[PDB]
Amino acid sequence: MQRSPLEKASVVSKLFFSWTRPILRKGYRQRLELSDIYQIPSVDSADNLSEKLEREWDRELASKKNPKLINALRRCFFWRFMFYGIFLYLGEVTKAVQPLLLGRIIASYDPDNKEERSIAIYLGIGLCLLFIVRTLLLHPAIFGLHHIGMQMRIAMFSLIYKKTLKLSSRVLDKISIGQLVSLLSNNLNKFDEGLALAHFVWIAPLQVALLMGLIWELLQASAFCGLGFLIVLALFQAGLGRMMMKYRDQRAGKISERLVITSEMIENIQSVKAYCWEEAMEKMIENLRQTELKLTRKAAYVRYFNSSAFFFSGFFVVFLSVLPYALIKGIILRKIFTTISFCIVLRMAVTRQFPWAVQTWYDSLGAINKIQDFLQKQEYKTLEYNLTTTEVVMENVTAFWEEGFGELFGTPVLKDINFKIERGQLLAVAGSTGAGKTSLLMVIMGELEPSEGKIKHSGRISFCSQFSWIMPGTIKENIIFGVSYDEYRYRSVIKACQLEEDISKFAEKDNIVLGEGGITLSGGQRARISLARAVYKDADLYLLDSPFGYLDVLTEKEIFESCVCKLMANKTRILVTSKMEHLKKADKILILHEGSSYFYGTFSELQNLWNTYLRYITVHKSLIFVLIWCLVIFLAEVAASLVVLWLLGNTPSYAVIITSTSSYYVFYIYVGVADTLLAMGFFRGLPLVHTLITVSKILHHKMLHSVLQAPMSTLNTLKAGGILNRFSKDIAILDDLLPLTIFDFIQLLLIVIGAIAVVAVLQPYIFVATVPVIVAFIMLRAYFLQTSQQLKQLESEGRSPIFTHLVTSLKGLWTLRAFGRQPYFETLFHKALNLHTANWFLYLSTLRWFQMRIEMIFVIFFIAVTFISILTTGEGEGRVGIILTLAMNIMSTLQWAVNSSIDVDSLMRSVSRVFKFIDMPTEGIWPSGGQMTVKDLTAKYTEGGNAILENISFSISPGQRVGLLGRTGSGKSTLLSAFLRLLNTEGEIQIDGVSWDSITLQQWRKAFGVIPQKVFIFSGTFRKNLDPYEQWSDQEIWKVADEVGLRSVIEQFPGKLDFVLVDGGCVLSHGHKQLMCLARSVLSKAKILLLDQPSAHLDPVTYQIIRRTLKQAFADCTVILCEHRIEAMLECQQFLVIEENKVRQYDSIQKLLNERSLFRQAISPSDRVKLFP
Ligand SMILES: Cn1c(=O)c2c(-c3ccccc3)n3c(c2n(C)c1=O)[C@H](c1ccc(Br)o1)Oc1ccc(C(=O)O)cc1-3
Ligand SMILES: Nc1ncnc2c1ncn2[C@@H]1O[C@H](COP(=O)(O)OP(=O)(O)OP(=O)(O)O)[C@@H](O)[C@H]1O
Ligand SMILES: Nc1ncnc2c1ncn2[C@@H]1O[C@H](COP(=O)(O)OP(=O)(O)OP(=O)(O)O)[C@@H](O)[C@H]1O
Ligand SMILES: [Cl-]
Ligand SMILES: [Mg+2]
Ligand SMILES: [Mg+2]
């Protein structure tokens, strides 16, 4: 990372953007490398801008009764804004007065205009000086405005993240990741560039006043006709803007919903594949896209007319201005040409610059208002004592989850809870599924506010969640969690949590890079990493919500005896548990039942109780037909224009006066009106944008289909930020920005080519004069696009870390707030912001360099032309000047065309990224009895890696019960996934004589019914979550829910079976989701079932629910039951034990437990009575 050249530069180098030379030379030859990017200027760093805006916003909040964010932004940026606006206005003024000199210079070609031939050289000098000053005034101001806009955007994003970290729990249920992602994605690049157009709300009226004053000279009272036409057109454009904004308002919610569903699906792709649910998800997304595309199409239709307003107004203004003048007296061709010259500037001011500025103000003020409304939301109440007597006490606590029901005080989740615990004691909390154990910890943490009662303690806490949270980084980073590294503590914690055995089996040992969510590890490994993180922190109170759910009895016993009771014997602990052995040595015991305290006391009492354009064009067949139709109409118009033009030169008082020496004006007039003569009407414009929108629809469908069928090895590489970035920003670009940009480019190209051909055919000496300018423009464009494409790719990639950080911050907010690590995460977010800023700044600077170089080349050519024309003009007409000035007039449209081509190529990178995503590789009654045979099965996760399971062979009789067991991290889930071909495999598997190499993947996967270890619940109704294909009547669903035991749970919510679940099922407790998975497995009438720990955190009472069902729901079925619970192993006939990456088979569990002394000694005694009666 080398220092940016901007900081240490020169004044002339800054004015001409010369400091960008080293990068442009470097990327023209080769690929840009890591050491090619500069550090950002210190003024753009996120910390400084965040601090400044935060101070101004706090002053605004603390001073005024009606605060406004726009006031703080003004106090931060107004002076520089006005400073650049003044120079922008001075630059724009020079265009208004250019016809005064150019018109006289052109009139001097006529020998009858003896007066203007006297001072031609002075007019030429003045024109050259004007041309030089305009370039110097315009481009630096535009760069300054872009820089200011970038600074505002960065500051606001920092404020948004800081506010997000403080949101109250009651507010979180109303905002999803989709809404925040949409908010960031919408303003990420548009806000910066709007500032370059903002000043035209007052620059344009002054231009109109000056131009009307100047047109009064030539045509006094007849100019008002054209002005009235323009004032009607402006009203029309205002109305069109209102309709477009109305269409945008109705579309945003549907985009947020689609983003939520897509992110959830791609996160749970493994369950999606195991369920064979791909088509259902595709149908859901297609239904959402169909609703949003209609609004997109209507907005595009209204934007087409708004854009075409400029091109169709050219003929009307001139004709309406001239007709009264040419009727009540004569008119000369010179006056007509001068009127056209002035009217071009007038039309650009009225129909292009002012409405764009008005729309920019609308968009920016709306975004700022939305940000302020977000910034004024309800916050987590931190009001509590940070120092007490270390006697943790809870008195008369009654709590409600529903804010409306609680304020109306709707049933309470907690009712009159009392307890008191001393320093260094242990309290064990027990109860049935859904009793309110997690909710009690929520109250103690302060995330759930009680209506009645109160809780007192010191305030330094540590927290271990039922659902583990893993952040991006290594294992050591996940454990030390942003504080200093201590060797003795780290070793003690690593040893105590039984992690050394799993740590010693990794290539990086401990520096393995864990992704977001820890999908590389098993369930028990993630749980133990979370426990180690909780124990590493020093605090006065440790809350542990059921940390032994995914562990075998031996590991659980070791951890409980060596960590909770030995390593923290002198601290205050609250452990949620259901094992009766753990309750014996608890100092105090609390038992919950349906929100009430069934018992509080002691145990002793309880016993007593470039080929990218071509693909894009050929995606859809109708676009080709539309383009050919446009070309045919264009050819007909060109031919008609040529025929009409040749007639005036072949044919010979009237309203128009033409002399012999003044006829050269005719061609000059044609070039001034071709913009209107070759304008694309609604017979060509509307079908084009319609078909481009259709192309966007097709591309999104293909992208989603391609993603859903990739192999797991490919899918495991992608990050959540990358998925969100590609599906949000690139798709939005393809939907909105590409069609109209393409329309503008095509219109400009048609105008240029038509004018060139028509002029050249009659005068084949202008084409040859225009050749060198065209060549120079093309060479410069080719040179610049070699570096520009790479820089745009880097900037596009730079967005992903921001979204990834936001997603991971949202997932683990409660842990972050409990530990008190908000500043650390804020620093990481600022890092991501700066990383994006470097590339974005480098792209903007190079773009400014290119535009200035094009402008300078045009100026040099015009300066050379003007003096030659004046010099070679003698007593006769200046033929050389006549040809050269007309040639230079045509290049004026070519410059605009080249800039339009640059922005089109900039937008096409999104198409290239979508295509890269589309080309991902594809991973691609018979079940009569249920027999299986496995022969030499080997399994691995990546090709050429460690083999988790090597050379396994066994067989199963049809309709038999098999118990799969092993230590946490052995590879039971690996064997379960190998059955469904979810990883890389070798060997053969046969079901009733049919091998998996004889049929397709879908048919093989349809033979199984599965219960995965990770439960997937998406946004939708209860009914939709139970079956997405809608093939069962509500009677059958209700009967199944009766059998599983989900009656009261479903009837607890206002919409019985129609309630919509949000936040991945936030309202449901942990065991209810397992019950929802068992109901899914029951609804599928599958002959072979693979169940991965169906009872993970259930109490023995609730386990009786899953019992009896395996004996009624699945009677004649082959069941493979992976379980850590010893009781469940009493209903198996075959046993498979995984150890040393190998599988061993047993007939009786007494024989199994005879050969393992430690494991037998770990068995609970009541279980031992049930095993050895
Ligand atoms: C006689 N005569 C001009 O005086 C032209 C001018 C012009 C007028 C006054 C001062 C400076 C230039 N302009 C253009 C001119 N043509 C083609 C022309 O024949 C041409 C154009 C106009 C329409 C399209 Br499509 O392309 O490009 C221009 C692009 C932007 C602007 C801008 O005012 O921002 C003006 C353009
Ligand atoms: N955000 C919420 N809004 C409404 N009800 C909720 C919410 N979160 C939990 N509940 C409900 O509150 C009750 C208590 O659930 P909680 O998760 O605290 O139970 P638990 O004892 O931890 O359960 P488990 O043993 O399954 O882990 C349940 O009926 C649950 O559905
Ligand atoms: N997606 C993956 N990519 C690479 N290695 C993996 C992946 N998933 C698991 N592993 C590794 O493979 C081994 C087997 O893990 P597996 O999930 O099969 O264990 P398990 O016996 O099911 O454990 P638990 O009882 O904790 O669920 C572990 O050491 C784990 O780290
Ligand atoms: Cl003129
Ligand atoms: Mg719980
Ligand atoms: Mg597992």
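Indexing begins at 1, ligand by ligand and atom by atom, following the structure's order. Each residue takes its place number in the sequence, starting with 1.
Of the candidates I1138, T520, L975, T520 brings a heavy atom nearest to atom 6 (C) of ligand 3. Closest heavy-atom approach to atom 24 (P) of ligand 3 among the candidates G969, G966, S977: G969. Selection from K972, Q525, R526 by nearest heavy atom to atom 31 (O) of ligand 3 gives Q525.
Close approach to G1071 involves these atoms of ligand 2, each under 4.0 Å from a residue heavy atom: 26 (O). Interface of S439 with ligand 2, defined as ligand atoms under 4.0 Å from a residue heavy atom, comprises 14 (C), 16 (P), 18 (O).
Within the structure, ligand 2 has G434 among the residues with a heavy atom less than 4.0 angstrom away. The shortest separation from a heavy atom of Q1093 to ligand 3 is not under 4.0 Å, leaving the residue out of contact.
Looking at atom 18 (O) of ligand 3, its nearest protein heavy atom turns out to be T974 OG1, 2.7 Å. Closest to atom 19 (O) of ligand 3 among all protein heavy atoms lies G971 N, 3.5 Å. Of the protein's non-hydrogen atoms, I948 CD1, 3.9 Å is the one closest to atom 12 (O) of ligand 3.
Considering backbone and side-chain N/O of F1053, none are found under 3.5 Å from N/O of ligand 2.
At a 4.0 Å heavy-atom cut-off, ligand 2 does not touch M442 at all.
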